[PDB]
């Protein structure tokens, strides 16, 4: 249970729920076929925001994960329970208007992921123990303009069967400045990119102890 509730850019937090479309409830999406898998949604409720956050292409945005919208600390329990082991992931979608695009459908491309490392530590654990900070590089070579950023943590502690994996995501609204447009990513759809049978979605992280992990979705886009 967690929310990507604000975004930091060039050292500046853009504000709670400002430019990030936040639910007030921190529960996961469970059905990868639901429209809610794109930018969260029913049975949650997601607020709108008229802020579109500017970021220079090639630089990083940092999603700031918190337990609840009311959480004001940054200790592990203020981020997400440490049972919730799994990957962190981030995607972009080029859109006409970052405040009105729903995010549902084709156009997403993956720009970051962190599954399990060679020490057995998961991407969510680095966020939990790193003040909720999930740092994500905006590629230099993409087209400038309006985008959605979908940042995600997947908790796998109850994922032995499907349903079971817990998908926590929110969409931020970006104005990417300075992208060269030299490369146009191949894209996937949400819903569509994940399936309940994926090896990183239906997975026992206990039996046997997990030593490698396949993050769901497409390969990371690179310039």
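Positions refer to the first chain, counted from 1.
Judged by mean Cα B factor in the deposited record, 204-212 ranks above the other of 6-14 and 204-212. When the mean C-alpha temperature factors of 149-157 and 119-127 are read from the deposited coordinates, 119-127 comes out higher. Listed residues 102, 88, 72, 97 were ranked by CA B-factor as deposited; 72 comes out on top.
Take 54, 197, 48, 45 and read off each C-alpha B-factor from the entry; 197 has the highest. Ranked within its chain, residue 80 lands in the middle third, by CA B factor from the PDB record. Among the modelled residues of its chain, residue 162 has a C-alpha B-factor that falls in the highest third according to the deposited record. Annotation for residue 58: CA B-factor lies in the highest third of the chain's modelled residues.
In this PDB entry, residue 38 carries a Cα temperature factor that places it within the lowest third of its chain's modelled residues. Sort the chain's modelled residues by C-alpha temperature factor and residue 177 lands in the middle third, per the entry.
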